[PDB]
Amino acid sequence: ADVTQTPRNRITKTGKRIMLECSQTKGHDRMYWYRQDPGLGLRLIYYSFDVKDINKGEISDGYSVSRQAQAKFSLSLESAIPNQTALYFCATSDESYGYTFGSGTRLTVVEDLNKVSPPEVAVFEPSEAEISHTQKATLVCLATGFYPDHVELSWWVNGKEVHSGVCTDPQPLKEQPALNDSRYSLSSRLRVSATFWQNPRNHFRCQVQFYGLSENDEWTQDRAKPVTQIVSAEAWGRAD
């Protein structure tokens, strides 16, 4: 990669200073930090044409930047607030608008880390009536009770990730929509032929990667510390 960003994922409490770093290898003069939000596209925060040349974009409030080197452009959330939850992209450009984007930083700002919670994950097996009617078999995975909304769901058949036959909801829903810190739920479907579901040798697993607390974070509750982790549920094929 010419352009690299760190971190890739981060969760933070409100009121903390958070630093995102962009590095490049081609030494282009021009570097940029953007944020992406649903319905708003990519909005420019700050940009730089050389070391100590800094220019505001459309949404610079609450951020600062430093151009430490030809190769490096740093973005800071000065005192993180929840509306700074976004996907952040750095970019470089040559002198002819040839942009190169970094692969992004997914950042979530939460008010209270005590509300962080990994998902519970369950797999629901195919209906006999579907199998009889269509000769296909839909498995459903349901991930519930998680916070914040910062997960990745995947399906694994006999140990290998599958994309075919899968549909996962594009966003989780709120379990308690009247609450600012509601937990979330997410569903996904994996559909296979009935013959493939009917083979008791076949193993089906729904995997949810959850991003939460780090080892560094304090935890004062009796319940499990809600660290970044994987939660899965599984089912074996079965005959009728």
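Between two forms, the rigid core is defined as the largest C-alpha subset superposing within 1.5 Å. Counting begins at 1, following the sequence as shown.
After superposition on the rigid core, the larger root-mean-square Cα deviation in 8 other deposited structures of this protein belongs to 44-52, not to the other of 182-190 and 44-52. Across the two stretches, 197-205 and 52-60, the PDB entry reports the greater mean Cα temperature factor for 197-205. In this entry, 175-183 shows the higher mean Cα temperature factor of the pair 175-183 and 30-38. Taking the PDB entry at face value, the top CA B factor among 158, 74, 168, 84 belongs to 158. Taking the deposited Cα B-factors for 138, 108, 100, 96, the highest one is held by 96. When the CA B factors of the chain's modelled residues are split into thirds, the value for residue 120 lands in the lowest one. Remark: residue 134 belongs to the highest third of its chain, ranked by C-alpha B-factor as recorded. When the CA B factors of the chain's modelled residues are split into thirds, the value for residue 114 lands in the middle one. In this PDB entry, the Cα temperature factor of residue 164 sits in the top third of its chain's modelled residues, the highest group. Sort the modelled residues of the chain by CA B factor and residue 92 lands in the lowest third.
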